[PDB]
Amino acid sequence: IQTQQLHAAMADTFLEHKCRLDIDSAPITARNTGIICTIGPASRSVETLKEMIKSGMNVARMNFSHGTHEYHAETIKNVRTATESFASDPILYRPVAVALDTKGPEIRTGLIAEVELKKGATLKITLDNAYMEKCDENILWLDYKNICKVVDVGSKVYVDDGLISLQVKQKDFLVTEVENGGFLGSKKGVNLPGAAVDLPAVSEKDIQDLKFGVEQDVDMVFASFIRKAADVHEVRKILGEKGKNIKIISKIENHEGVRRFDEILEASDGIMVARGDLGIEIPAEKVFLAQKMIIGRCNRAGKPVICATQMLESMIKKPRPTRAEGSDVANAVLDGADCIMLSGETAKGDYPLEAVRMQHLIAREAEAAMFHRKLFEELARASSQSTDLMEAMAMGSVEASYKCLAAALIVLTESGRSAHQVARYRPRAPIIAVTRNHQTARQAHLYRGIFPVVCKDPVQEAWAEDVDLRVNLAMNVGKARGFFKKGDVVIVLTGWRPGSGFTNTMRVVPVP
Amino acid sequence: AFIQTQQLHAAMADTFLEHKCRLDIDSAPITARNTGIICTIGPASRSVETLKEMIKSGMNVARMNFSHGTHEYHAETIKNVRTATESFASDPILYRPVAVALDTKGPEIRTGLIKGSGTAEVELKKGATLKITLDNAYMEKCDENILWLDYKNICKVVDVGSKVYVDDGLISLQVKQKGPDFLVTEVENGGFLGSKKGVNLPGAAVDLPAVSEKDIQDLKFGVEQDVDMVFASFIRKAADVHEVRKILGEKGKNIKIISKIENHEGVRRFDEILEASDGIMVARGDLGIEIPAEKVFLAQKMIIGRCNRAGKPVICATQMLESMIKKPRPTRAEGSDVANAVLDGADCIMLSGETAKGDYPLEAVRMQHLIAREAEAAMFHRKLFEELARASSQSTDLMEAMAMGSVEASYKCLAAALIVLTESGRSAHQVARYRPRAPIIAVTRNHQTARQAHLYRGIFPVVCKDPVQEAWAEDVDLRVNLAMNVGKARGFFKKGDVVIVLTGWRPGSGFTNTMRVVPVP
Amino acid sequence: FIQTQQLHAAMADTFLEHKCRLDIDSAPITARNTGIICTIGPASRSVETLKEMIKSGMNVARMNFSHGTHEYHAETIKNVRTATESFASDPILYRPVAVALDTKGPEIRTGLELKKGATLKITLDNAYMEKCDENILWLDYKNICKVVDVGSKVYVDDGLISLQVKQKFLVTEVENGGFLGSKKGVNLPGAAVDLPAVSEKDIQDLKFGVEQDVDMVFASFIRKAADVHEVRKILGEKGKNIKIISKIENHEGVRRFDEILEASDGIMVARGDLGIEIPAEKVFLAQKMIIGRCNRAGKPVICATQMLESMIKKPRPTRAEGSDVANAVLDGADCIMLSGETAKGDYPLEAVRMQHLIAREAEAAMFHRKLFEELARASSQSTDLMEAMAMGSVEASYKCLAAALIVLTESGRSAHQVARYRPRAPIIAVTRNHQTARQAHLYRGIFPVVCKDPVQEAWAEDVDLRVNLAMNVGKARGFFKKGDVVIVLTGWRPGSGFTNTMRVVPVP
Ligand code: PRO
Ligand code: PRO
Ligand code: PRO
Ligand SMILES: [K+]
Ligand SMILES: [K+]
Ligand SMILES: [K+]
Ligand SMILES: [Mn+2]
Ligand SMILES: [Mn+2]
Ligand SMILES: [Mn+2]
Ligand code: NA
Ligand code: NA
Ligand code: NA
Ligand code: NA
């Protein structure tokens with residue numbers, strides 16, 4: 001029994017490949033898929049974040065749909081306090097990125113406690129701001145003022161993560177009938193599929209939240225409800241000069257987002273399949289189509305793509321996930337997502353560490369299960385119009401890593417660019433990317449297979465010696481992490497001279 | 001639009017059919033010619049002044065056919081080759097190494113001399129009786145009634161109704177009666193018989209020695225004359241290779257043994273021959289007589305296939321531009337034969353009569369050169385590369401990894417060349433194996449390694465005459481710039497183009513473990 | 001134990017493993033799918049010779065109208081039919097034979113020994129057309145001086161001699177030289193020649209072909225779509241069922257091939273003149289591209305010229321000629337052609353037999369699984385029902401190692417679709433249309449069988465009768481025997497405009 005699903009790897013067809021998947025074929029130790037965790041009251045303590053980091057967390061997400069600047073700043077500080085609790089040991093230190101997830105053009109309800117909305121029983125949507133806090137089973141207020149100009153006779157309104165549904169019967173108010181009932185809570189989200197919502201891509205709140213992200217030196221923004229390239233560019237404008245290096249990950253979570261997908265991709269730095277609202281804005285049975293289309297097209301462009309939301313939902317209450325949840329994580333990884341995400345499971349659930357641990361474990365099994373040879377061939381075909389020198393290095397290196405079954409790839413990188421181009425070509429072996437730039441190290445977490453290492457050492461006067469310094473750091477990192485041992489082979493990627501604008505030098509080195 | 005060079009639009013096809021359908025006559029080929037060109041030297045090409053023009057036309061390997069000629073003759077030819085080759089040595093940047101190969105007589109069956117009385121040749125007529133004798137009194141008195149041949153033990157291997165073939169299988173006899181010391185035959189295929197013509201017995205187990213006393217002396221003489229390779233005739237099994245090896249011995253251990261496949265038995269036992277050999281020749285002339293002629297292409301394609309799979313050199317040989325012995329231009333089939341052989345994957349292609357005795361030896365050499373570049377571009381590299389990888393994928397060898405990584409990287413940035421620093425040749429050899437479309441400029445201080453490199457598709461050997469620089473860094477750099485200068489002068493690339501450079505990181509390495517993309521300065 | 005028909009290689013995953021598995025000890029099947037077209041001249045024109053020509057494998061008789069009179073070719077055509085019809089007593093083993101008129105077209109030619117670097121006077125004066133000399137040569141091109149430049153080259157006699165234009169009458173310097181003779185072909189590569197595409201000498205020959213009941217025209221030096229439409233206009237209403245095979249033999253033919261292919265009913269790679277018009281080292285490029293594009297559109301393609309050239313004087317071919325034939329079949333050519341080999345050679349019978357033997361070796365050595373998959377993909381925009389039925393039948397033939405496909409057809413179009421998808425098993429095509437059966441020899445695999453019985457009362461009875469005739473033909477010619485499996489394509493009801501019914505039927 002070969003490890004790392006290598007028998008399946010040798011197969012000629014996809015059918016064969018699958019018939020060959022073996023439960024007794026141990027994954028390797030390295031974990032290539034990044035894990036993004038929404039932080040909240042279950043996970044907001046220094047103490048729990050230490051454990052979250054140890055469990056697998058690479059990126060911490062701040063959900064700006066709730067909480068004040070004060071509250072979010074403290075959390076950020078808590079994440080950093082915990083991340084830095086490991087700073088003294090360069091061999092084990094894990095950078096941890098901070099992510100800002102914006103509110104965007106949300107429609108939420110008001111205050112009431114709880115109220116029940118029965119199947120068939122009429123309900124009245126109003127915008128009269130006197131009822132902001134006087135909602136019940138007769139009267140329902142939401143904060144979207146122009147709701148009336150955008151919906152038709154026979155339109156549907158979904159309330160509370162799509163659980164409750166309503167049909168608009170007559171016309172600054174709407175009178176609806178309950179189609180799908182439930183219990184109605186305070187400040188629950190509202191969706192209007194088929195309606196072309198005209199709230200700003202970026203509201204005042206958003207603008208203040210984005211500016212705040214700048215001040216807080218966040219590494220990336222998760223931009224909610226992006227519909228078009230112009231939305232992305234608005235977000236880019238607010239971040240401005242001081243924040244030019246923060247990556248904009250666009251959230252695809254409505255029909256228009258999907259329609260205009262190519263342009264959003266081009267304009268953005270990465271993408272998030274935000275399946276929550278997506279499954280409400282379009283039929284839920286269609287979501288997998290979008291997941292797969294998006295991940296595919298992001299792989300093709302070499303830009304990070306994140307599969308999110310409800311991936312291990314039941315784990316909010318139970319210590320073990322469901323069979324559907326297991327399969328969902330694996331398939332997201334087989335689809336080619338760079339990152340997978342936890343929301344409620346870590347923000348508020350009863351088993352936050354467990355959820356992180358489960359993602360870590362499923363990631364490795366599915367990583368080994370990919371059909372690397374065909375995937376490599378297909379990505380090469382897709383990028384074949386480009387003759388880029390760094391792509392050439394990356395492909396040669398990856399192909400080199402497949403042939404000799406290298407234990408890792410070692411990339412020296414300042415901008416991160418060399419590392420990213422290696423990642424996009426999907427080697428099985430982890431990419432240990434050594435960098436003197438802390439932000440690059442943090443942002444590298446967006447890319448499948450990059451294990452970032454911060455090098456704190458001063459630069460040596462001799463280039464070769466400074467280079468050897470950084471490779472040996474990765475050698476030491478790779479060994480403490482159980483990636484390799486003395487006598488294994490790794491691919492190494494460096495600049496020949498200090499002026500080399502990319503890793504133009506590849507080597508097969510034995511691990512010392 | 002822009003029409004891409006080197007059939008690069010056809011290179012991007014997803015199917016073999018679309019690749020065919022994208023082939024473009026207006027897609028100009030590159031200047032590098034990757035297919036090694038082997039020329040049989042003879043009266044047509046022996047002079048020093050003609051050999052120089054053979055080199056300028058593209059000859060990489062001069063072949064000495066030991067079925068004819070004394071040692072005094074071949075030593076003069078080999079001298080002439082080296083005189084011609086060294087006339088160019090004054091320009092290290094332009095000088096082209098030239099390999100010397102010894103093609104052995106082997107277990108050949110030949111007829112005698114036609115008698116003086118009568119016509120120059122005889123007419124063997126369909127339905128007429130011809131007797132075959134071993135009586136040495138007729139060895140120079142052959143005619144229509146009585147034919148002498150040199151296989152003394154012929155009577156022990158043929159039967160009544162056996163077929164004896166004569167003169168490149170143009171003339172066939174059927175054995176009608178068997179005598180102890182003679183055969184009575186009937187002519188099935190008529191024709192005009194000259195002297196010392198080739199005889200084949202396809203349905204017979206010929207007991208002649210794989211390596212005869214003549215071959216032995218011929219081999220030893222090969223060793224004393226510092227030939228780079230041996231083309232061993234009529235190799236039937238592995239033990240035939242081991243015998244040639246034994247004879248070449250310790251002194252000739254770096255001499256490459258190319259096994260010539262030309263009988264059914266050599267095709268049946270090909271694998272054990274390949275393992276034992278340094279390379280193979282599809283020696284089609286005899287093969288097309290021993291097995292049915294309509295079956296030769298199957299064997300040719302199987303062999304070229306299996307040597308590609310194994311990383312061993314293969315040569316397509318025989319009658320490729322045959323008509324150019326008397327005509328300035330080839331036929332349309334001949335043009336196709338050269339191209340399809342290159343497409344098959346042949347590392348080298350060869351010329352026999354076309355350079356040995358022909359009227360147009362320079363024009364023959366030039367034509368192979370021009371076809372080879374057309375077909376080299378017309379190959380389906382992306383699919384060739386994928387399929388060679390799959391067949392070798394049980395190997396995790398480090399040099400193959402470097403080789404695969406370098407070729408892949410050359411496909412992606414469309415490198416103008418791969419530079420390879422090598423002493424034994426192994427590093428270059430393994431790159432060649434994986435079939436980049438760019439040329440492989442191999443730099444070596446080992447002169448023999450340079451000459452042997454012609455056996456491998458794409459390797460453009462370059463002799464480094466400079467002393468070993470003290471710092472390993474400067475010694476590597478020196479050998480890169482040489483390849484840079486060679487490349488530029490030869491028109492393979494210019495400033496601003498990109499090459500893939502393969503080097504050793506430290507002196508100790510036993511293979512190129514360093515790959516770079518580097519701009520030409 | 002070795003599987004027949006290269007079936008071990010048929011099972012390879014990659015192109016390389018397919019090559020590596022090719023087995024000389026793997027026996028080919030009896031049937032031969034690549035059509036043999038044979039140029040008929042003084043060596044082959046007699047009835048007795050022609051009978052053996054048909055016996056050895058000739059399917060198409062080609063008359064070359066570059067030479068000879070209407071009276072001469074009429075005698076040749078007359079002898080072809082006599083030979084052919086001498087077999088008509090046995091409708092089982094009778095082999096239909098097709099007659100092709102190959103047009104002179106826009107030739108240039110000399111009148112009635114040249115040293116390298118010697119000056120030669122080219123003139124158009126009709127006072128020299130019978131006394132051509134060392135220093136004065138006459139040709140029949142009038143516009144020549146308007147289409148050639150200083151420095152441009154002119155080639156004489158199958159491109160053997162080269163002469164560079166030095167001054168405008170034309171004075172030239174010989175480059176390559178040899179023995180010069182009577183009425184020798186002239187080529188002007190890369191100079192746009194403006195001779196009529198279909199001359200008066202052509203329009204007379206084409207009309208002759210209609211009257212002479214020929215099945216296909218091979219239209220020489222086809223440059224563009226217009227040119228095919230001209231040959232099509234000339235053939236007129238009476239000659240509408242005659243197929244037009246356009247001959248690709250100059251740079252523009254290749255340049256504009258696509259519009260030509262759409263306009264033509266088939267294509268010949270006319271290699272001789274092509275290897276004179278473009279660098280000869282490029283010919284294989286144009287050959288493979290062309291065959292591929294024809295394969296794709298499912299229009300017949302003939303590979304032609306010099307395939308067995310040395311057999312003009314020798315009983316056995318060179319290895320380069322062997323190789324050429326097999327690679328032509330592996331390329332995908334529907335038909336292969338002999339010229340000088342059968343027209344004037346010393347061994348026209350042996351040349352036919354070697355094309356036959358070479359064909360069957362190479363036909364088995366095709367990589368059918370990959371070829372089918374690649375044809376389907378390229379034709380995937382088409383949803384045509386006959387194509388659907390064809391593809392399903394070929395697929396079914398592959399899966400059960402079926403001994404043959406039996407196709408019933410009047411237009412031939414159903415059989416043409418089957419052939420196009422390249423089964424390894426032969427296609428027995430039964431037709432009451434004598435001209436359909438003759439034109440079928442243009443398509444890979446199609447073994448046309450003439451039905452001479454009248455249309456039966458019951459539609460089902462008429463189908464069984466035709467299918468049983470196809471079984472009888474197959475069994476007599478050793479394609480299959482009792483218990484073998486065949487794919488059988490028929491129409492369900494009389495009015496079906498194609499074979500909509502497919503069966504796996506046992507051979508009785
Ligand atoms: O460094 C890590 O742990 C993760 C692995 C994939 C992206 N970054
Ligand atoms: O260097 C040369 O000229 C030839 C080309 C490939 C093999 N050697
Ligand atoms: O019937 C025959 O013999 C040939 C086979 C291919 C075309 N016609
Ligand atoms: K949000
Ligand atoms: K020999
Ligand atoms: K003609
Ligand atoms: Mn959302
Ligand atoms: Mn031989
Ligand atoms: Mn022609
Ligand atoms: Na970089
Ligand atoms: Na004599
Ligand atoms: Na070496
Ligand atoms: Na039909």
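Order of the sequence lines fixes the chain letters, A, B, ..., with proteins taken first and strands second; residue numbering starts at 1 for each chain. All values below come from the heavy atoms of this structure, side chains included, with hydrogens, waters and symmetry mates left out. Every number for a ligand or one of its atoms is a count from 1 in the order of the listing.
Among the atoms of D103(B), an N, O or S atom is found under 3.4 Å from the K ion (ligand 5).
With respect to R110(B) and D150(B), no salt bridge is recorded, no charged nitrogen being found less than 4.0 Å from a carboxylate O. Salt bridge absent: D240(B) and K260(B) never bring a charged side-chain N and a carboxylate O closer than 4.0 Å. Between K79(B) and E76(B), none of the side-chain N atoms (NZ, or NE/NH1/NH2) sits under 4.0 Å from a carboxylate O, so this pair counts as no salt bridge. A salt bridge between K246(B) and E243(B) is absent, with no side-chain N of the basic residue lying under 4.0 Å from a carboxylate O of the acidic one.
Counting just the N/O/S atoms of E262(B), the one with the shortest distance to the Mn ion (ligand 8) is named OE1. The Mn ion (ligand 8) sits nearest to atom OD2 when only the N, O or S atoms of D286(B) are considered.
With the K ion (ligand 5) at the apex, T104(B) O and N65(B) OD1 define an angle of roughly 120° (rounded to 10 degrees).
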